[PDB]
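See structure below.
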Amino acid sequence: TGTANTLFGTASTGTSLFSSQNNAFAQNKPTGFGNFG
Amino acid sequence: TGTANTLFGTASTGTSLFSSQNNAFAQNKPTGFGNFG
Amino acid sequence: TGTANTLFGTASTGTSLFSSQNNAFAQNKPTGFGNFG
Amino acid sequence: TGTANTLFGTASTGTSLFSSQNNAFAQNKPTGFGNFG
Amino acid sequence: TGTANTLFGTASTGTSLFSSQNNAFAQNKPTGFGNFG
Amino acid sequence: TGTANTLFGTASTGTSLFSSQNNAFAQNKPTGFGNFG
Amino acid sequence: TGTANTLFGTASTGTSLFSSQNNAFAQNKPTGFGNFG
Amino acid sequence: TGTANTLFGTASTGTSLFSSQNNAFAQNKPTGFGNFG
Amino acid sequence: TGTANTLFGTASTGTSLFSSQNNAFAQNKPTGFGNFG
Amino acid sequence: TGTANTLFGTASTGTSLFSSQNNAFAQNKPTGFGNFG
Amino acid sequence: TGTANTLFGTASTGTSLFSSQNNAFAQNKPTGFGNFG
Amino acid sequence: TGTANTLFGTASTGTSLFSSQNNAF
Amino acid sequence: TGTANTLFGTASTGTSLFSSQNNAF
Amino acid sequence: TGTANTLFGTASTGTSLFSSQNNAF
Amino acid sequence: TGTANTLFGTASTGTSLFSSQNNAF
Amino acid sequence: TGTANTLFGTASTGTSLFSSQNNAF
Amino acid sequence: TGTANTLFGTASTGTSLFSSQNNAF
Amino acid sequence: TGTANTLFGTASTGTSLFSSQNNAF
Amino acid sequence: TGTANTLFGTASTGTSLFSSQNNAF
Amino acid sequence: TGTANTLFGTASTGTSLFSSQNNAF
Amino acid sequence: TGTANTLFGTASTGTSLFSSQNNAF
Amino acid sequence: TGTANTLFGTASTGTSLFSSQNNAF
């Protein structure tokens with residue numbers, strides 16, 4: 001499987017089975033810059 | 001499988017089976033810049 | 001499979017089977033800039 | 001499969017089978033700029 | 001398959017089989033600019 | 001298949017089989033600008 | 001499986017079975033720069 | 001399995017079974033720089 | 001299993017069974033630099 | 001199992017069974033530099 | 001099992017059974033440099 | 001199966017969406 | 001199965017989405 | 001099964017999403 | 001099973017998400 | 001099973017997420 | 001089982017997340 | 001089982017996370 | 001079992017995390 | 001069992017973590 | 001069993017961690 | 001059993017950790 005790439009939060013490469021992944025984010029003025037390629 | 005690329009939140013490359021992925025985001029004035037290519 | 005690219009939220013490349021992906025976003029004045037190509 | 005590109009929300013490249021993807025967005029004055037090409 | 005490109009919401013390139021994709025958007029004065037080409 | 005391009009909502013390039021795609025939008029004064037070509 | 005790469009949060013390469021992964025993030029003005037490639 | 005790489009938080013390579021991984025982050029003005037490749 | 005690499009927090013290579021891993025981080029202006037490759 | 005590598009916090013290579021691992025970090029202006037490869 | 005490598009905190013190679021490992025860190029301006037490879 | 005109940009006050013822009021799929025193999 | 005109840009006040013922009021899928025193998 | 005109850009005050013932008021999936025093997 | 005109750009004050013941007021999955025093997 | 005109760009004051013950006021999974025082997 | 005109660009003051013950005021999993025072997 | 005109670009003052013960025021897992025062998 | 005009570009003052013960035021696991025062999 | 005009580009003053013970055021595990025053999 | 005009480009003053013970066021494990025053989 | 005009481009002054013970086021394990025053979 002391919003690489004899992006994240007800045008904030010989680011990067012999950014393993015297979016997930018009956019298994020919950022969750023993330024609650026509360027941001028006051030976030031700024032995100034992505035240069036994907 | 002291809003690379004999973006994320007700035008905030010989760011990048012999941014593994015196969016997910018009976019398995020919940022969730023993310024609750026509450027942003028006050030987010031700004032997102034993406035240069036996809 | 002191709003690369004999954006996201007700025008906020010989730011990038012999921014694995015095959016998902018009986019498995020729920022959800023994201024609740026509540027933004028006050030978001031601004032999104034995308035340059036897709 | 002092709003690349004999945006998203007700014008906010010989810011980019012899903014894997015095949016999804018019996019599997020729900022959902023996103024609830026509540027925006028106060030969002031602004032979106034897209035330059036697709 | 002071709003690239004899935006979205007600013008807000010979801011970009012889904014994988015084949016979807018018995019599988020629901022939904023997005024509820026509630027915007028107060030959204031503004032969208034698209035330059036498609 | 002061709003690229004799926006969307007600003008708000010979903011861009012779906014994969015073949016969809018027995019599978020529901022839905023989006024509920026409630027906008028107070030949206031403004032949309034499209035320059036398609 | 002591929003490498004799991006994260007800046008803040010968790011990088012999970014092992015297969016996860018009946019097992020919950022969660023992350024609660026509360027950011028005041030985060031700034032994220034990603035150069036993915 | 002692949003290497004688990006994280007700056008803050010946890011890098012988990014072992015298989016996780018009935019086992020919870022969680023991280024609560026509260027950041028005042030975080031800045032993240034990632035050069036993934 | 002692959003190497004678990006972390007700067008702050010925990011690097012866990014062993015299989016975890018009925019066993020909880022948690023980390024509470026409270027940062028005032030963190031700065032993270034990652035050069036992943 | 002692979003090597004567990006950490007700068008601050010814990011590096012755990014043994015299998016963990018019914019056993020809790022936790023770390024509470026409170027940083028005033030941390031700076032993290034990682035060169036992962 | 002692999003070597004457990006840590007600078008501050010604990011390096012645990014033995015299997016841990018019903019046994020809690022915890023570390024409370026309170027840093028004023030920590031600086032971490034990691035060259036993992 | 002599922003019963004969605006939605007109330008909107010006066011002068012309020014609103015949508016209701018309901019999707020049900022029954023699969024019987 | 002699931003009953004979603006949503007109330008919106010007056011002059012309030014709102015959406016309700018309900019999805020149910022029943023799978024019987 | 002699950003009952004989501006959501007109240008929105010007046011002049012408030014809001015969404016409710018409900019997803020249920022029943023699997024019977 | 002699970003009952004989510006969410007209140008939003010006036011003039012407040014809000015979302016509710018509910019997901020339930022029942023698996024019966 | 002689980003009852004999440006969330007209150008948001010006026011003029012406050014907010015999300016509620018609820019996930020339940022029932023597994024019956 | 002678990003009851004999460006969360007209060008947010010006015011003008012406050014907030015999220016609630018609830019996850020329950022029931023396993024019955 | 002577990003009851004998490006969280007209060008946030010006005011103008012305060014906040015998250016609540018609740019996870020419960022019940023295992024019945 | 002466990003009751004976590006967390007108070008945050010005004011203008012304060014905050015998280016609450018609750019995890020419970022019940023194992024019944 | 002365990003009751004964690006945490007107070008944060010105004011303008012203070014804070015986290016609360018609670019973990020409970022019950023094992024019944 | 002154990003009651004942790006933690007107070008943080010204003011403008012103070014803080015964490016609370018609570019872990020309880022009950023083993024009943 | 002054990003009651004940890006921790007006070008932090010203003011502008012002070014702080015952690016509280018509590019661990020309890022009950023073993024009943």
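Here, A, B, ... name the chains of the structure tokens in the order displayed, residue numbers run from 1 inside each chain, and ligands are numbered from 1 in the same displayed order.
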Would you mind aligning chain P to chain S, a least-squares fit over all C-alpha atoms taken in order, and returning the superposed chain as a short mmCIF file (atom, residue, chain, number, x, y, z; two decimals) with N, CA and C atoms, in the first residue's frame?
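And here is the file that came out, out.cif:
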```
data_model
loop_
_atom_site.label_atom_id
_atom_site.label_comp_id
_atom_site.auth_asym_id
_atom_site.auth_seq_id
_atom_site.Cartn_x
_atom_site.Cartn_y
_atom_site.Cartn_z
N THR P 1 -18.67 4.55 35.72
CA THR P 1 -17.32 4.28 36.20
C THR P 1 -16.58 5.59 36.42
N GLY P 2 -16.02 6.13 35.34
CA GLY P 2 -15.20 7.30 35.49
C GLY P 2 -15.90 8.56 35.05
N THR P 3 -15.83 9.61 35.85
CA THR P 3 -16.49 10.86 35.49
C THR P 3 -15.43 11.94 35.38
N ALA P 4 -15.15 12.38 34.17
CA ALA P 4 -14.22 13.47 33.95
C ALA P 4 -14.99 14.78 33.89
N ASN P 5 -14.57 15.74 34.70
CA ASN P 5 -15.17 17.06 34.72
C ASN P 5 -14.11 18.06 34.34
N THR P 6 -14.33 18.80 33.26
CA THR P 6 -13.33 19.75 32.81
C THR P 6 -13.99 21.10 32.59
N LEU P 7 -13.40 22.14 33.16
CA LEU P 7 -13.85 23.51 33.02
C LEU P 7 -12.79 24.28 32.25
N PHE P 8 -13.21 25.05 31.27
CA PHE P 8 -12.32 25.96 30.58
C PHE P 8 -12.83 27.38 30.76
N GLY P 9 -11.93 28.29 31.08
CA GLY P 9 -12.30 29.69 31.14
C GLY P 9 -12.55 30.26 29.76
N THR P 10 -13.01 31.51 29.73
CA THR P 10 -13.23 32.21 28.48
C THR P 10 -11.94 32.37 27.69
N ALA P 11 -12.08 32.35 26.37
CA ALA P 11 -11.00 32.60 25.41
C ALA P 11 -9.86 31.61 25.53
N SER P 12 -10.18 30.36 25.86
CA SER P 12 -9.17 29.37 26.20
C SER P 12 -9.30 28.18 25.27
N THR P 13 -8.21 27.86 24.58
CA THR P 13 -8.18 26.70 23.70
C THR P 13 -8.15 25.42 24.51
N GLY P 14 -9.05 24.49 24.22
CA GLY P 14 -9.21 23.33 25.07
C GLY P 14 -9.67 22.08 24.36
N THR P 15 -9.24 20.93 24.89
CA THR P 15 -9.72 19.63 24.43
C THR P 15 -10.10 18.79 25.63
N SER P 16 -11.14 17.99 25.47
CA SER P 16 -11.45 16.91 26.39
C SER P 16 -11.42 15.60 25.62
N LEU P 17 -10.76 14.60 26.18
CA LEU P 17 -10.75 13.27 25.60
C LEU P 17 -11.25 12.32 26.68
N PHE P 18 -12.15 11.43 26.32
CA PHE P 18 -12.60 10.39 27.22
C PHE P 18 -12.52 9.07 26.50
N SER P 19 -11.87 8.09 27.12
CA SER P 19 -11.87 6.74 26.60
C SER P 19 -12.27 5.76 27.68
N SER P 20 -13.25 4.94 27.37
CA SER P 20 -13.63 3.86 28.25
C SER P 20 -13.62 2.59 27.43
N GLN P 21 -13.10 1.52 28.01
CA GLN P 21 -13.19 0.21 27.40
C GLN P 21 -13.66 -0.76 28.47
N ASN P 22 -14.72 -1.50 28.17
CA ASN P 22 -15.23 -2.50 29.08
C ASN P 22 -14.99 -3.86 28.47
N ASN P 23 -14.35 -4.73 29.23
CA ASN P 23 -14.01 -6.06 28.76
C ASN P 23 -14.67 -7.05 29.70
N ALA P 24 -15.43 -7.97 29.14
CA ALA P 24 -16.27 -8.89 29.91
C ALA P 24 -16.04 -10.30 29.40
N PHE P 25 -15.14 -11.02 30.04
CA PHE P 25 -14.75 -12.34 29.57
C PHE P 25 -15.48 -13.47 30.27
#
```
What is the atom CA of residue C:29 to atom CA of residue I:30 distance in Å?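 Computing it gives 25.5 Å between the two atoms.
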Please provide as a VMD selection string all residues within 6 Å of stretch 11-27 of chain K, with the sequence filter that same-chain residues fewer than 4 positions apart are discarded (counting only C-alpha atoms). (chain J and resid 10 to 27) or (chain K and resid 4 to 6) or (chain V and resid 14 to 15)
Please save N, CA, C and O atoms of the selected residues as a PDB file, in the first residue's frame.
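Ended up saving to out_30.pdb:
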```
ATOM      1  N   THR J  10       8.277   7.828  24.920  1.00  0.00           N
ATOM      2  CA  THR J  10       8.600   6.424  25.111  1.00  0.00           C
ATOM      3  C   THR J  10       8.733   5.637  23.819  1.00  0.00           C
ATOM      4  O   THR J  10       8.000   5.866  22.870  1.00  0.00           O
ATOM      5  N   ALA J  11       9.673   4.706  23.789  1.00  0.00           N
ATOM      6  CA  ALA J  11       9.867   3.817  22.652  1.00  0.00           C
ATOM      7  C   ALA J  11       9.604   2.406  23.136  1.00  0.00           C
ATOM      8  O   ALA J  11      10.347   1.883  23.962  1.00  0.00           O
ATOM      9  N   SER J  12       8.553   1.790  22.633  1.00  0.00           N
ATOM     10  CA  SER J  12       8.052   0.537  23.165  1.00  0.00           C
ATOM     11  C   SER J  12       8.070  -0.526  22.084  1.00  0.00           C
ATOM     12  O   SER J  12       7.313  -0.442  21.118  1.00  0.00           O
ATOM     13  N   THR J  13       8.923  -1.527  22.244  1.00  0.00           N
ATOM     14  CA  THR J  13       9.011  -2.570  21.234  1.00  0.00           C
ATOM     15  C   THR J  13       8.267  -3.833  21.658  1.00  0.00           C
ATOM     16  O   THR J  13       7.880  -4.649  20.820  1.00  0.00           O
ATOM     17  N   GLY J  14       8.097  -4.043  22.958  1.00  0.00           N
ATOM     18  CA  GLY J  14       7.442  -5.255  23.411  1.00  0.00           C
ATOM     19  C   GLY J  14       5.953  -5.227  23.144  1.00  0.00           C
ATOM     20  O   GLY J  14       5.344  -4.164  23.017  1.00  0.00           O
ATOM     21  N   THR J  15       5.361  -6.404  23.040  1.00  0.00           N
ATOM     22  CA  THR J  15       3.923  -6.475  22.872  1.00  0.00           C
ATOM     23  C   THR J  15       3.239  -6.101  24.166  1.00  0.00           C
ATOM     24  O   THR J  15       3.641  -6.524  25.244  1.00  0.00           O
ATOM     25  N   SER J  16       2.197  -5.306  24.056  1.00  0.00           N
ATOM     26  CA  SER J  16       1.530  -4.744  25.211  1.00  0.00           C
ATOM     27  C   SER J  16       0.136  -5.324  25.282  1.00  0.00           C
ATOM     28  O   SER J  16      -0.602  -5.298  24.300  1.00  0.00           O
ATOM     29  N   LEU J  17      -0.204  -5.878  26.431  1.00  0.00           N
ATOM     30  CA  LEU J  17      -1.407  -6.671  26.598  1.00  0.00           C
ATOM     31  C   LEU J  17      -2.128  -6.237  27.860  1.00  0.00           C
ATOM     32  O   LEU J  17      -1.586  -6.375  28.954  1.00  0.00           O
ATOM     33  N   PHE J  18      -3.345  -5.713  27.696  1.00  0.00           N
ATOM     34  CA  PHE J  18      -4.148  -5.114  28.768  1.00  0.00           C
ATOM     35  C   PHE J  18      -3.404  -4.019  29.505  1.00  0.00           C
ATOM     36  O   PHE J  18      -3.595  -3.817  30.698  1.00  0.00           O
ATOM     37  N   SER J  19      -2.587  -3.275  28.796  1.00  0.00           N
ATOM     38  CA  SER J  19      -1.614  -2.456  29.473  1.00  0.00           C
ATOM     39  C   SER J  19      -1.586  -1.076  28.858  1.00  0.00           C
ATOM     40  O   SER J  19      -1.391  -0.921  27.662  1.00  0.00           O
ATOM     41  N   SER J  20      -1.657  -0.066  29.697  1.00  0.00           N
ATOM     42  CA  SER J  20      -1.904   1.281  29.233  1.00  0.00           C
ATOM     43  C   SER J  20      -0.597   2.034  29.119  1.00  0.00           C
ATOM     44  O   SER J  20       0.241   1.970  30.012  1.00  0.00           O
ATOM     45  N   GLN J  21      -0.417   2.723  28.012  1.00  0.00           N
ATOM     46  CA  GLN J  21       0.716   3.609  27.830  1.00  0.00           C
ATOM     47  C   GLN J  21       0.176   5.010  27.631  1.00  0.00           C
ATOM     48  O   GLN J  21      -0.621   5.244  26.735  1.00  0.00           O
ATOM     49  N   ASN J  22       0.609   5.945  28.445  1.00  0.00           N
ATOM     50  CA  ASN J  22       0.129   7.303  28.302  1.00  0.00           C
ATOM     51  C   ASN J  22       1.200   8.349  28.510  1.00  0.00           C
ATOM     52  O   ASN J  22       2.162   8.116  29.223  1.00  0.00           O
ATOM     53  N   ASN J  23       1.095   9.464  27.809  1.00  0.00           N
ATOM     54  CA  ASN J  23       2.013  10.562  28.028  1.00  0.00           C
ATOM     55  C   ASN J  23       1.354  11.913  27.905  1.00  0.00           C
ATOM     56  O   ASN J  23       0.880  12.281  26.843  1.00  0.00           O
ATOM     57  N   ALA J  24       1.438  12.696  28.960  1.00  0.00           N
ATOM     58  CA  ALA J  24       0.878  14.029  28.989  1.00  0.00           C
ATOM     59  C   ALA J  24       2.000  15.025  28.760  1.00  0.00           C
ATOM     60  O   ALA J  24       2.946  15.079  29.544  1.00  0.00           O
ATOM     61  N   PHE J  25       1.926  15.786  27.673  1.00  0.00           N
ATOM     62  CA  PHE J  25       2.956  16.766  27.365  1.00  0.00           C
ATOM     63  C   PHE J  25       2.344  18.152  27.389  1.00  0.00           C
ATOM     64  O   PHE J  25       1.358  18.398  26.707  1.00  0.00           O
ATOM     65  N   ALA J  26       2.965  19.070  28.085  1.00  0.00           N
ATOM     66  CA  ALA J  26       2.543  20.461  28.092  1.00  0.00           C
ATOM     67  C   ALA J  26       3.748  21.285  27.695  1.00  0.00           C
ATOM     68  O   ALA J  26       4.691  21.402  28.455  1.00  0.00           O
ATOM     69  N   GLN J  27       3.799  21.720  26.452  1.00  0.00           N
ATOM     70  CA  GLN J  27       4.929  22.501  26.002  1.00  0.00           C
ATOM     71  C   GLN J  27       4.584  23.962  25.767  1.00  0.00           C
ATOM     72  O   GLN J  27       3.601  24.280  25.115  1.00  0.00           O
TER      73      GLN J  27
ATOM     74  N   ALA K   4      14.784  -0.526  21.587  1.00  0.00           N
ATOM     75  CA  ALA K   4      13.976   0.613  21.977  1.00  0.00           C
ATOM     76  C   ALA K   4      14.942   1.748  22.240  1.00  0.00           C
ATOM     77  O   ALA K   4      15.858   1.609  23.044  1.00  0.00           O
ATOM     78  N   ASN K   5      14.761   2.851  21.540  1.00  0.00           N
ATOM     79  CA  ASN K   5      15.717   3.942  21.534  1.00  0.00           C
ATOM     80  C   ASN K   5      15.009   5.220  21.924  1.00  0.00           C
ATOM     81  O   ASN K   5      14.083   5.643  21.233  1.00  0.00           O
ATOM     82  N   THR K   6      15.420   5.841  23.015  1.00  0.00           N
ATOM     83  CA  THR K   6      14.802   7.094  23.414  1.00  0.00           C
ATOM     84  C   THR K   6      15.818   8.059  23.990  1.00  0.00           C
ATOM     85  O   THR K   6      16.852   7.645  24.501  1.00  0.00           O
TER      86      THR K   6
ATOM     87  N   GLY V  14       2.152  23.255  32.878  1.00  0.00           N
ATOM     88  CA  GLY V  14       1.873  22.231  33.864  1.00  0.00           C
ATOM     89  C   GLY V  14       1.245  20.973  33.312  1.00  0.00           C
ATOM     90  O   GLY V  14       0.516  21.003  32.335  1.00  0.00           O
ATOM     91  N   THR V  15       1.539  19.848  33.959  1.00  0.00           N
ATOM     92  CA  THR V  15       0.892  18.572  33.663  1.00  0.00           C
ATOM     93  C   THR V  15       0.442  17.929  34.957  1.00  0.00           C
ATOM     94  O   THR V  15       1.104  18.060  35.983  1.00  0.00           O
TER      95      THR V  15
END
```
What is the atom CA of residue E:37-atom CA of residue C:1 distance in Å, reported with one decimal?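 According to the coordinates, atom CA of residue E:37 and atom CA of residue C:1 are separated by 25.0 Å.
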Which value, in Å to one decimal, gives the distance between atom CA of residue I:34 and atom CA of residue J:2?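 Interatomic distance, atom CA of residue I:34 to atom CA of residue J:2: 21.3 Å.
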If you run DSSP over the backbone, which residues in chain B end up strand (DSSP E or B)? Put them as a PyMOL selection string. chain B and resi 4-8+11-12+16-17+21-28+31-36
Deliver the residues from the most recent selection as a file, using N, CA and C atoms, as an mmCIF file, in the first residue's frame.
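result_29.cif written:
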```cif
data_model
loop_
_atom_site.group_PDB
_atom_site.id
_atom_site.type_symbol
_atom_site.label_atom_id
_atom_site.label_comp_id
_atom_site.auth_asym_id
_atom_site.auth_seq_id
_atom_site.Cartn_x
_atom_site.Cartn_y
_atom_site.Cartn_z
ATOM 1 N N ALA B 4 -1.828 8.609 0.085
ATOM 2 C CA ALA B 4 -2.901 9.398 0.659
ATOM 3 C C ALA B 4 -2.254 10.638 1.236
ATOM 4 N N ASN B 5 -2.697 11.797 0.788
ATOM 5 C CA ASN B 5 -2.045 13.057 1.095
ATOM 6 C C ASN B 5 -3.055 14.000 1.706
ATOM 7 N N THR B 6 -2.830 14.429 2.934
ATOM 8 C CA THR B 6 -3.747 15.368 3.555
ATOM 9 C C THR B 6 -3.016 16.386 4.405
ATOM 10 N N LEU B 7 -3.560 17.587 4.499
ATOM 11 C CA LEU B 7 -2.932 18.543 5.388
ATOM 12 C C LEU B 7 -3.524 18.448 6.784
ATOM 13 N N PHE B 8 -4.830 18.623 6.926
ATOM 14 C CA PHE B 8 -5.459 18.427 8.224
ATOM 15 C C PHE B 8 -6.464 17.305 8.063
ATOM 16 N N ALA B 11 -5.093 10.593 6.420
ATOM 17 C CA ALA B 11 -4.698 9.999 5.150
ATOM 18 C C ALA B 11 -4.667 8.498 5.345
ATOM 19 N N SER B 12 -5.558 7.793 4.678
ATOM 20 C CA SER B 12 -5.794 6.384 4.938
ATOM 21 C C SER B 12 -5.537 5.579 3.679
ATOM 22 N N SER B 16 -10.310 -0.581 4.387
ATOM 23 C CA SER B 16 -11.098 -0.402 5.587
ATOM 24 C C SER B 16 -12.340 -1.255 5.469
ATOM 25 N N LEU B 17 -12.576 -2.079 6.473
ATOM 26 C CA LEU B 17 -13.588 -3.116 6.421
ATOM 27 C C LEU B 17 -14.405 -3.091 7.698
ATOM 28 N N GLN B 21 -14.612 5.825 9.621
ATOM 29 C CA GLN B 21 -13.686 6.939 9.672
ATOM 30 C C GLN B 21 -14.506 8.213 9.709
ATOM 31 N N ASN B 22 -14.290 9.039 10.707
ATOM 32 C CA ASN B 22 -15.043 10.275 10.794
ATOM 33 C C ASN B 22 -14.217 11.454 11.254
ATOM 34 N N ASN B 23 -14.542 12.639 10.769
ATOM 35 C CA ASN B 23 -13.878 13.837 11.240
ATOM 36 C C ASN B 23 -14.804 15.023 11.336
ATOM 37 N N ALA B 24 -14.903 15.586 12.522
ATOM 38 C CA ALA B 24 -15.730 16.747 12.768
ATOM 39 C C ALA B 24 -14.838 17.973 12.792
ATOM 40 N N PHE B 25 -15.053 18.901 11.866
ATOM 41 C CA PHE B 25 -14.246 20.111 11.805
ATOM 42 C C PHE B 25 -15.135 21.312 12.052
ATOM 43 N N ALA B 26 -14.731 22.184 12.943
ATOM 44 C CA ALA B 26 -15.435 23.432 13.186
ATOM 45 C C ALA B 26 -14.423 24.545 13.018
ATOM 46 N N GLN B 27 -14.444 25.214 11.883
ATOM 47 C CA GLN B 27 -13.495 26.280 11.653
ATOM 48 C C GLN B 27 -14.135 27.657 11.676
ATOM 49 N N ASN B 28 -13.515 28.571 12.393
ATOM 50 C CA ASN B 28 -13.787 29.993 12.277
ATOM 51 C C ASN B 28 -12.780 30.525 11.277
ATOM 52 N N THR B 31 -8.700 29.233 5.850
ATOM 53 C CA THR B 31 -8.274 29.599 4.524
ATOM 54 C C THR B 31 -7.475 28.448 3.964
ATOM 55 N N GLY B 32 -7.879 27.971 2.804
ATOM 56 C CA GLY B 32 -7.203 26.851 2.214
ATOM 57 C C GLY B 32 -6.645 27.201 0.865
ATOM 58 N N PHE B 33 -5.387 26.868 0.639
ATOM 59 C CA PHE B 33 -4.739 27.074 -0.641
ATOM 60 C C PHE B 33 -4.272 25.736 -1.159
ATOM 61 N N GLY B 34 -4.758 25.349 -2.320
ATOM 62 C CA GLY B 34 -4.307 24.110 -2.896
ATOM 63 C C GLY B 34 -3.776 24.308 -4.290
ATOM 64 N N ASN B 35 -2.655 23.688 -4.599
ATOM 65 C CA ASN B 35 -2.076 23.747 -5.922
ATOM 66 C C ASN B 35 -1.906 22.314 -6.365
ATOM 67 N N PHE B 36 -2.947 21.773 -6.967
ATOM 68 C CA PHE B 36 -2.969 20.347 -7.212
ATOM 69 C C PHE B 36 -2.504 20.098 -8.635
#
```
